[PDB]
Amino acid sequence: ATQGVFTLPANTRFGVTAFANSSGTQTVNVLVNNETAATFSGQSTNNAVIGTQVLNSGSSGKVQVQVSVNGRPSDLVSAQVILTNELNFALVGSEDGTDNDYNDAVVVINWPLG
């Protein structure tokens, strides 16, 4: 199944934050309406924040997260959760190796803001 793709309400600000947990340098690309809107890159085995940004979901509301390590695409796992019918989280884990911890880059998208 496709992972790392989310439909947000149109024309809405959202937060995106990425964390790293791997020996490999993580590259996280965030695409809005199929065009790169943010790219984060860093290396940590201690959950360091490697980027945070506020983006607009645009007319389509389509947001996609991709993760790679030195050009090799990581396998993704994702879901969306909504609390009290108001607070949205789109969550992504990724695996760059063999241990299947899926934390090598972790990406959290949240909306609405403000």
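Just count from 1 along the sequence shown to find any residue number.
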key: Stretch with the higher entry mean CA B-factor, where the candidates are 30 to 38 and 68 to 76   = 30 to 38
key: Higher-scoring stretch by recorded Cα B factor average, 103 to 111 or 3 to 11   = 3 to 11
request  = Pick out which of 60, 46, 53, 84 has the highest C-alpha B-factor in the PDB entry.
outcome  = 60
task = Sort 98, 94, 21, 17 by C-alpha B-factor from the entry and give me just the highest.
result = 98
